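Participant: Build me a model from this:
(one chain, ligands or ions: 2)
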Amino acid sequence: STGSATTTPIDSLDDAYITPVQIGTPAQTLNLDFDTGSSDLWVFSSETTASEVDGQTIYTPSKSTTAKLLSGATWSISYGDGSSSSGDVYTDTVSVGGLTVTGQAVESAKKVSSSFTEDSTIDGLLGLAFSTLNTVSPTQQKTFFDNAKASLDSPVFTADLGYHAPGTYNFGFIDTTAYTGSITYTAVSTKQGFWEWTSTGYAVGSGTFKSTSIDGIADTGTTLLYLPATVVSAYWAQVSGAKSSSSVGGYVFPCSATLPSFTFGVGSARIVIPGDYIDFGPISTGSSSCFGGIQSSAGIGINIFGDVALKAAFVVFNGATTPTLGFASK
Ligand SMILES: NCc1ncc(-c2ccc(F)cc2)[nH]1
Ligand SMILES: NCc1ncc(-c2ccc(F)cc2)[nH]1
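Facilitator: Numbers count the residues shown, from 1 in each chain. Ligands and ions are numbered 1, 2, ... in the order given. Please find the structure below.
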């Protein structure tokens, strides 16, 4: 089998992307944030504290003839930015782009943090990291991809995120019309539960490529590109007036600037992030200080190849027995 679904930016900055997902019988369609940095499929629901729902579409398990309470199971997750959610668990039928999994764990939120309440466009998350990170207790549950994998034509999914435009998540096949040149594959460590890999270096603008190993994760659920302080300083030094602001929480730059591109290495291949992809706009409405899309990872403990980086590529998440990642230009 295969599936194919369009993913759409939630706002004019590409802060996140939402993909429609059918849950239950008859189908209830929710728009979920596909997150290769976590491993829980959780939704706003009829059980979510009413004051914490503000415009989201909710899953109502009592209206689904295929929903079953997973007795005794609870979940609770905290994300790298400090957001969080928790609740109980149903199993139900879940379909993405025509690909159907029966018996998928659908984690129903009883509580969500304010950041989620405020994102009226995000009805929940669909985790696509390794199932070892799933938070369901006392019986850990499998991700949608792990449940689907044996049925897929090939044990892969691909992320093709758009810049200020829709893109595509495919399951079970590699659309050879969706990228240019060849796909370069690179090794993955699953020891931390992430799609963790090692970039071979970077360049700033038209500058020379610096060969240096940068270990990090491919994370569709993170907006920005978080890299070591040395790398990020070298980038922003090329932008007149750019500075790290403790009060704002990262590098800012004059909105009048034209930003240089940033290149990262995948083996001997190179992915170029255009400068415009690194502009996240005014820090507050009407400000002439703009927020940078490349930020330091120093306070995080891991480097994160988030949407800023991934949207410049066609990305293969290869879930074969030994997983690997593939990157192509597009
Ligand atoms: N840097 C602060 C900030 N401004 C907007 C966001 C944001 C992030 C994710 C999301 F889904 C929606 C909005 N974060
Ligand atoms: N209210 C704005 C906002 N700040 C962080 C988030 C967020 C969105 C998606 C995600 F996966 C994790 C955090 N949204």
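Participant: all contacts plus neighbour counts: C-alpha atoms, from now on.
Facilitator: Noted.
Participant: wait, residue 204 sits on residue 265?
Facilitator: No. Here residue 204 does not reach residue 265: they are 11.9 Å apart, not a contact under CA atoms under 8 Å.
Participant: Specify the beta-bridge partners of residue 158.
Facilitator: residue 170, residue 316 (DSSP bridges).
Participant: Tell me who's in contact with it.
Facilitator: 168, 169, 170, 171, 173, 174, 314, 315, 316, 317 (CA atoms under 8 Å, 6 or more residues apart in numbering).
Participant: most neighbours, which of those residues?
Facilitator: The residue in the contacts of residue 158 with the most neighbours, by other CA atoms under 10 Å, is residue 171 (28 neighbours).
Participant: Distance-wise, check the spatially closest residue to that residue that is not a sequence neighbour relative to ligand 1.
Facilitator: Closest residue to residue 171 in three dimensions, ignoring its sequence neighbours and counting by CA to CA, 6 or more residues apart in numbering: residue 157, at 4.3 Å. Separation of residue 157 from ligand 1 (CA to the nearest ligand atom, to the nearest Å): 22 Å.
Participant: and what of residue 203?
Facilitator: 25 Å.
Participant: quick one: which helix or strand includes that residue?
Facilitator: Secondary structure assignment for residue 203, by DSSP states H and E: strand 196-204.
Participant: next one: phi and psi at residue 232?
Facilitator: In terms of degrees, to the nearest 10, the main-chain angles of residue 232 are phi -70, psi -40.
Participant: That one against residue 298, yeah?
Facilitator: No. Between residue 232 and residue 298 there is no contact under CA under 8 Å: 10.2 Å.
Participant: and the two? which has more neighbours close in?
Facilitator: Between residue 232 and residue 298, counted using other CA under 10 Å, the more crowded position is residue 232 (18 against 13).
Participant: How is residue 115 classified with respect to secondary structure?
Facilitator: helix (DSSP: H, G, I helix; E, B strand; the rest coil).
Participant: Mind listing the residues bridging to residue 204?
Facilitator: residue 262.
Participant: Run through the residues that contact it.
Facilitator: Neighbour list for residue 204: 234, 235, 238, 260, 261, 262, 263 [criterion: CA under 8 Å, 6+ apart].
Participant: Ligand 1: which of those residues is nearest?
Facilitator: The closest of the contacts of residue 204 to ligand 1 turns out to be residue 235 (CA to the nearest ligand atom; 19.1 Å).
Participant: give me every residue that touches residue 225.
Facilitator: Contacts of residue 225 by CA under 8 Å, 6+ apart are 293, 294, 295, 303, 304, 305, 306, 307, 308, 309.
Participant: My read is that the second one contacts residue 229, right?
Facilitator: So that's residue 294. No. Contact status for residue 294 versus residue 229: not in contact, 10.2 Å apart, counting by CA under 8 Å.
Participant: Please say which of those two ends up with more neighbours.
Facilitator: The neighbour count for residue 294 versus residue 229, taken as other CA under 10 Å, is higher for residue 294 (28 against 14).
Participant: In strands only, show me the contacts of residue 225.
Facilitator: Among these, the ones falling in strands (DSSP state E) are 294, 295, 303, 304, 305.
Participant: Can you tell me which of those residues is nearest residue 4?
Facilitator: Checking these against residue 4 by CA to CA gives residue 305 as the nearest, at 23.1 Å.
Participant: Helices of the protein, residue ranges please.
Facilitator: Remark: helices assigned in the chain by DSSP state H are 114-118, 144-148, 229-236, 307-310.
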